[PDB]
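To start, the structure under review is shown below, and the notes come after it.
These values consider heavy atoms only, across backbone and side chains, with no hydrogens, waters or symmetry-generated copies. Counting from 1, the numbers follow the sequence of the chain as shown.
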Amino acid sequence: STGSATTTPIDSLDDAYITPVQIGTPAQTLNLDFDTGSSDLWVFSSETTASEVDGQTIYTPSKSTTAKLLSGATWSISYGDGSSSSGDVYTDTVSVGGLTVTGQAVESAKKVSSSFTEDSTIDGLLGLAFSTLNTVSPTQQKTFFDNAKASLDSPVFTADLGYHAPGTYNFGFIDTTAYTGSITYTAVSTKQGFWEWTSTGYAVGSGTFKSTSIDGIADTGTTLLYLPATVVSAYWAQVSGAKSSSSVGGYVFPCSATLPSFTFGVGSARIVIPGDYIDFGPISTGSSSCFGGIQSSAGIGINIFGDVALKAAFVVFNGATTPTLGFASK
């Protein structure tokens with residue numbers, strides 16, 4: 001089997017991407033944030049504290065003839081941005097882009113933190129990291145990809161995120177028309193439950209490539225590119241007037257600037273992030289100070305190849321017995 005679904009930016013900055021997902025019988029379609037940095041499929045629901053729902057579409061398990069309470073199971077998750085959610089668990093039928101899993105754990109939120117309530121465009125998350133990170137207790141549950149894998153034509157999914165435009169998540173096949181050149185594959189460590197790999201270095205603009213190992217994770221659920229402070233300083237030093245602002249929480253730059261590109265290494269290959277992809281717009285409405293798309297990972301404890309980096313590539317999440325990552329230009 002295969003599946004193919006379009007993923008759409010939630011706003012004009014590409015702060016996140018939403019993908020329609022069918023849950024239950026008859027189908028209830030929710031728009032979920034596909035997150036290769038976590039491993040829970042959770043949704044706003046009829047059980048969510050009413051004051052914490054503000055415009056999201058909810059899953060109502062009592063209206064699904066295929067929903068079953070997973071007795072005794074609870075979940076609770078906290079994300080790197082400080083947000084969180086928790087609740088109970090049903091199993092139900094879940095379809096993405098024509099690919100169907102029966103008996104998928106659907107984690108129904110009883111509580112969500114303010115940042116989720118305040119984002120009316122995201123109805124929940126669909127985790128695509130390794131199932132060892134799933135938070136359901138006392139019986140850990142499998143991700144949608146893990147449940148579908150054996151049925152797929154090939155045990156892979158691909159992320160093709162757009163810049164200010166829709167893109168595609170495919171399951172079970174590699175669309176050879178979606179990228180240029182060849183796909184370069186690189187090794188993955190699953191020891192922390194992430195799609196963790198090692199970049200071979202970087203360049204800033206037209207500058208020379210610096211060969212240096214950068215361990216980090218391919219994370220579709222993180223907006224920005226978080227790299228070591230040395231690398232980030234070298235980037236922003238090329239932008240007149242850019243500075244790290246403790247009060248804003250990162251590097252800012254004059255909105256009048258034209259940003260240089262940023263290149264990262266994948267083996268001997270190179271992925272080029274155009275300068276425009278690094279502009280996240282005014283820090284507050286009407287300001288001439290703009291927020292940077294490349295930020296320091298110091299204090300986070302891990303480097304994160306988030307959407308800023310991934311949307312410059314066609315990315316293969318290869319879930320074969322020994323997982324690997326593939327990157328192609330596009």
Side-chain angles (χ1 to χ4, degrees), residues 2-4 7 17 19 33-39 80 126-133 143-146 148 152-162 167-176 178-190 192-203 209 211-228 231 262-273 277 294 297 300 302-330:
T2 64
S4 183
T7 192
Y17 298 78
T19 309
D33 185 352
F34 280 27
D35 181 11
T36 63
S38 71
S39 305
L126 189 152
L128 293 165
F130 293 88
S131 293
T132 53
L133 293 179
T143 70
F144 176 82
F145 179 55
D146 210 340
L152 294 178
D153 291 355
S154 182
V156 305
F157 70 90
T158 65
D160 179 10
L161 303 178
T168 305
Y169 281 102
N170 291 329
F171 292 82
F173 74 103
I174 288 171
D175 179 356
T176 61
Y179 57 88
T180 63
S182 60
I183 305 180
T184 296
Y185 288 87
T186 197
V188 165
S189 172
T190 66
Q192 296 189 85
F194 300 121
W195 291 94
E196 187 172 2
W197 66 290
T198 302
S199 174
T200 49
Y202 68 100
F209 186 83
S211 293
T212 185
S213 295
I214 305 172
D215 294 344
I217 64 169
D219 185 1
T220 59
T222 290
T223 312
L224 307 184
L225 174 53
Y226 296 87
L227 293 173
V231 178
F262 184 89
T263 300
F264 64 93
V266 184
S268 56
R270 306 290 180 251
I271 300 293
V272 179
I273 305 172
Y277 291 27
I294 295 178
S297 65
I300 304 179
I302 198 161
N303 299 306
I304 308 175
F305 293 86
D307 298 333
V308 163
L310 302 184
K311 74 195 183 180
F314 177 89
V315 187
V316 180
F317 294 78
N318 171 27
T321 300
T322 299
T324 66
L325 281 165
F327 294 81
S329 296
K330 65 187 184 191

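With sequence neighbours excluded, no residue forms a ring-ring contact (aromatic ring centres under 6.0 Å, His included) with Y226. With sequence neighbours left out, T19 forms a side chain to side chain donor-acceptor pair (under 3.5 Å) with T7. In this view, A269 and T184 satisfy the side-chain contact (heavy atoms from CB on, under 4.5 Å) rule, not counting sequence neighbours. Every residue two or more places apart in sequence or in another chain that forms a side-chain contact (heavy atoms from CB on, under 4.5 Å) with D219 is listed here: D35, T36, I217, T222, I304. Looking at residues two or more places apart in sequence or on another chain, you find a side chain to side chain donor-acceptor pair (under 3.5 Å) between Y17 and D14. Qualifying side-chain contact (heavy atoms from CB on, under 4.5 Å) partners for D215, counting only residues two or more places apart in sequence or in other chains: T198. With sequence neighbours excluded, the residues that form a side chain to side chain donor-acceptor pair (under 3.5 Å) with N170 are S4. When the side-chain contact (heavy atoms from CB on, under 4.5 Å) test is applied to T2, the partners found at least two apart in sequence or on another chain are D153, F173. In this structure, the side chain to side chain donor-acceptor pair (under 3.5 Å) partners of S297, at least two apart in sequence or on a different chain, are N303.
Within the model, atoms OH of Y277 and NZ of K311 stand 7.5 Å from one another, a figure rounded to the nearest 0.5 Å. Here the CG atom belonging to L310 is positioned 11.0 Å from the CG atom belonging to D160, to the nearest 0.5 angstrom. In this structure, CD1 in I174 is found 4.5 Å from CD1 in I183, a value given to the nearest 0.5 Å. Residue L225 holds its CG atom at 5.0 Å from CD1 of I294, rounded to the nearest 0.5 Å. To the nearest 0.5 Å, the span separating CZ on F144 from OG on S131 amounts to 12.5 Å.
Between the side chain of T220 and the main chain of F34, a donor-acceptor pair closer than 3.5 Å is present.
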Take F130 and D146 through the side-chain contact (heavy atoms from CB on, under 4.5 Å) test and state the conclusion after the steps.
CA-CA 8 Å; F130 293 88; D146 210 340; over 6 Å; no
Worked verdict on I302 versus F194 for side-chain contact (heavy atoms from CB on, under 4.5 Å):
CA-CA 11 Å; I302 198 161; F194 300 121; 4.2 Å; yes
Go through the steps for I271 and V266 under the test side-chain contact (heavy atoms from CB on, under 4.5 Å), then give the verdict.
CA-CA 7 Å; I271 300 293; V266 184; 4.2 Å; yes
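Classified by interplanar angle (parallel below 30°, tilted 30° to 60°, perpendicular above 60°), the ring pair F145/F171 is tilted. Below 30°, between 30° and 60°, or above 60°: for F157 and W195 the angle between ring planes is above 60°, a perpendicular geometry.
Scanning both residues, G221 and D307, for their nearest heavy atoms gives N-OD1, 4.5 Å. The two atoms that bring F314 and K330 nearest to each other are N-CD, 3.8 Å, heavy atoms only. Summarising the geometry of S199 relative to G265, their closest heavy-atom pair is OG-O, 2.8 Å, with the distance given to 0.1 Å. The two residues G193 and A129 come nearest to each other via the heavy atoms O-CB, 3.4 Å. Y169 approaches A159 most closely through the heavy-atom pair CE2-CB, 3.7 Å.
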Check residues 316-325 and write down every donor-acceptor pair under 3.5 Å in which the side-chain atom is one partner and the other belongs to a residue at least two apart or another chain.
from : atom 1 : to   : atom 2 : distance (Å)
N318 : OD1    : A320 : N      : 3.1
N318 : ND2    : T324 : OG1    : 2.9

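Screening residues 181-190 for salt bridge (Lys or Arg N to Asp or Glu O under 4.0 Å), with sequence neighbours left out, gives no hits.
Taking the side chain as every heavy atom from C-beta outward, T158 and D175 never approach each other to under 4.5 Å.
Under the side-chain contact (heavy atoms from CB on, under 4.5 Å) test applied with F327, the options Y179, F305, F264 reduce to a single match, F264.
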